[PDB]
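To begin, one chain is listed below as structure tokens, in the form deposited in one PDB entry.
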């Protein structure tokens, strides 16, 4: 049996866990929490951690752990299975990307049309959007967005964008809350990840939603796709089973289990999401290098500088 530190949304974890149990008879115990505290805790437990696997919303969360040598290597053959355009590869083969989440703009289509949308994510952080654009600065994908800005456009552009959000945007604690804020009409638009919308649409029927998704495309930084993944703890006592679980998540059955439950992009070529996602290729997402521990600290620095935290 194995213990999974779960930084993914609960519905994602349960779905793959149940499937795995069903397929193999290995029981999975989930210890759920926010991707960051979890990463922190693993550093602190070191070789005494009870965790076997760490499953998180953002591969960027693996940077520190990998640098400190806390993660075990995966087979190259597994890694190759989810290697698609834009997907980061762990330099030490000690973590794997498994699903993609797109940055999107959600907006109230009963107040706006595509026609009112911007051609760049940069443009939302302006007075023109004063108190009209929601954002989530504590979001993991928000930080990746910052790193992407900095790498694609440079620090000044990035900083300006942050300062702009601070002055003009409405801050929400979580992506889900931001999405609700649009539906409830608190704000007309918000920057979040794609999956929340589709998920909400399935529960409620798109016909009943005020909100719709807008894709920035044309390789803008705001077209960023970031990835969720997993890693095996070097400290694990149950290597056979831990490895088996990570491999399963990269298999056709594990990808199917995940995509059925959550509107994230599968990374295997032979799996179709049932959610009718906007086709990857049409996203025109830019390719960005993997976020390193140093990239991470740097983005944090900018956020602070802009006075966001």
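Positions refer to the first chain, counted from 1.
Look at the C-alpha B-factors of 70 to 78 and of 201 to 209. On average they run higher in 201 to 209. For the pair 171 to 179 and 220 to 228, the mean Cα B-factor is higher in 171 to 179.
As recorded in the PDB entry, 45 shows the highest C-alpha B-factor of the residues 45, 264, 247, 256. Take 112, 141, 162, 98 and read off each C-alpha B-factor from the entry; 112 has the highest.
The entry lists a Cα temperature factor for residue 215 that places it in the middle third of the chain's modelled residues. When the modelled residues of the chain are ordered by their C-alpha B factor, residue 129 lands in the highest third. Annotation for residue 237: C-alpha temperature factor in the highest third relative to the rest of the modelled chain, per the entry.
In the PDB entry, residue 104 places in the lowest third of its chain by CA B-factor. In the deposited entry, the Cα temperature factor of residue 270 sits in the top third of values across the chain's modelled residues.
One more form of this protein, deposited in another entry, exists but is not displayed; see below.
Across the conformational change between this form and the one not shown, the residue of 169, 101, 242, 179 occupying the hinge between rigid parts is 101. Compared with the form shown, the residue 173-residue 229 C-alpha separation increases in the other form, the change being 3 Å or greater.
Closer approach of the C-alpha atoms of residue 267 and residue 282, by 3 angstroms or more, is seen in the other form than in the present form.
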